[PDB]
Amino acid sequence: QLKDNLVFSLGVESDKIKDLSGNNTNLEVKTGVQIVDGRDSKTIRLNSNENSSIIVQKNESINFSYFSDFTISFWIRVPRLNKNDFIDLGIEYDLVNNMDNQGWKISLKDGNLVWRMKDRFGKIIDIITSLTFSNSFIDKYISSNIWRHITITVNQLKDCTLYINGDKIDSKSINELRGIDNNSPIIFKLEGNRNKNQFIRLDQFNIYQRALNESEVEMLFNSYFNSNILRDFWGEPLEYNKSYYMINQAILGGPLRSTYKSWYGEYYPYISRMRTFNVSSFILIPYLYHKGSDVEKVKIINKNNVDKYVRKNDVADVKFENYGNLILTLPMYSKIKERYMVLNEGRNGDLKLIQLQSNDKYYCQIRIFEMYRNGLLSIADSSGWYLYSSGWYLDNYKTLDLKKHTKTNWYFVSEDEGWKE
C-alpha cells in the first residue's frame, strides 16, 4: 500500500514510456531516448546526446514545497567504471535535474551517486556516496553495471536519508534548509559528462508524497523480487538456452575451464586462478568474459521449461557449449566414487537451481541429487579448484561460515555493453 502515496512512476508499458502511477503526468520523451531490455521487461536508456532526454512538467501532486515530505526511488544501471570515465574524474554530472536557482538533483561523480538539495538562500545539503570498487563492487558500488535500487527520503525540517538495495547508506540533517520548490521541470538527461560513451538505464523512477521510514524502504525494495525467477549477475531474469559465463562467488575473476584427465575417461571442469585487470594502478577489476581464452561457456537447459525464465527449484542441466553435448554431472559411482564433477554426455543424477537466501540475491545455489553423493555444488578448497558435490554443505547449510556460503553461490554472466574488458 506504498501505492497510496505514489504520485509519479516513470517506466515502460506496451512499448511506450509513461507515468505508470495512474496520474497521467505529462512527459516529453525526446527521440534520442531508447527502450531496451531491462531487469523486468523493458527499461529506459539515456545516451550522451542532446536528443536523449525526458522533461516532466511538475504539477500540484509532484511538489517539493517546504511543507511536503517526499521519497524518490529508482532502479539504475550505470556502466562499470572504465578508462573513458576518467575524463570526468572529480566532475559531478547530472542524471536527473530539478535545480534552477534552488531545488534538487541526482548526479554521478567518480563512480558514486550524488543527491543534492539547495534552498532559496543558497543553503546546500548533499549526500555523496563514498563506495570503493574493492570493498563494495558486488553488493553496492554504483559504476558496476549491476542493477541498483536507490531510495532517497526527505523529511523536511528533519533529515534526508539515502538507501541502496533497501539498506540505509547515509543521512543528513536538513533542519537548516528552507524551501527547494521551483517552477522548473524535472529533466532526465546526462548533462556535464565529457565521456560521451556514457549511457544509463533507468526504471521505476518513483516519487511518493511521504518520507518512507527505514522499514518501508526495505519493504519497497523487497516488492521488486516477489516472483520465483532466479537472476543473472547483473540482476536481470536468469534464462534458459542463453550463453553464460559461470562464476563462483569466492573467485569472481576465476574462469571456468575444463581438463581431460587421460587416466580416467573424464573431462573435469575447474575454476582457474583469479584474473584481473587494472583500470588505474589503485583499482583491480575481475575479468568476467576472458576473451581470447579457453573459458567454458554454458547454457542452462530444461526440456520441461514453461517459458524462457529459470525459476527457483527448476530441474535443469548445465550444458558446456564448447563441447556441444556434454553436461555437468557426476561420474558413475562404480568407476569413480568421489564427489568431483565431470563433463559427460550421460546424465547421472539431477541438478536443481535453488535460492536458499532471499529472492533479491543475484546468485543461486545448485543442488546435486544423486544416489550416493547428494550435495551443494561447490569448489574443492592454488592453481585452480575442481567442482564437487558437498554433502556437508548441504546438510549444514544453515550454519555455514561466510567462506563456505561464498563457495556455494554461483553467478551466470552474459556480455553487456556496460561492462567492457
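Don't overthink the numbering: it's just position in the shown sequence, from 1.
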Handout entry: Between residue 381 and residue 382 - deposited residues without coordinates, as a size class
Key = 4 to 9
Practice task
May I ask you to compare 315-323 and 256-264 by their mean CA B factor in the entry and name the higher one?
Solution key: 256-264
Problem - Stretch with the greater mean C-alpha B-factor as recorded in the entry, comparing 204-212 against 343-351 - result: 343-351
Fill in the blank from the handout: Listed options 90, 122, 103, 185: highest C-alpha B factor recorded at 90
Fill in the blank from the handout: In this crystal structure's PDB entry, the residue among 369, 392, 385, 363 with the greatest CA B factor is 385
Practice task
Please place residue 62 in the lowest, middle or highest third of its chain by C-alpha B factor as given in the entry.
Solution key: highest
Fill in the blank from the handout: residue 417: CA B-factor among chain residues, third -> lowest
Completion exercise
Binned into thirds over the chain's modelled residues, the C-alpha B-factor of residue 196 lands in the middle
Fill in the blank from the handout: residue 175: CA temperature factor from the record, placed by chain third, in the middle
Practice task
Using the B-factor values recorded in the entry, state whether the Cα atom of residue 245 falls in the lowest, middle or highest third among the modelled residues of its chain.
Solution key: lowest
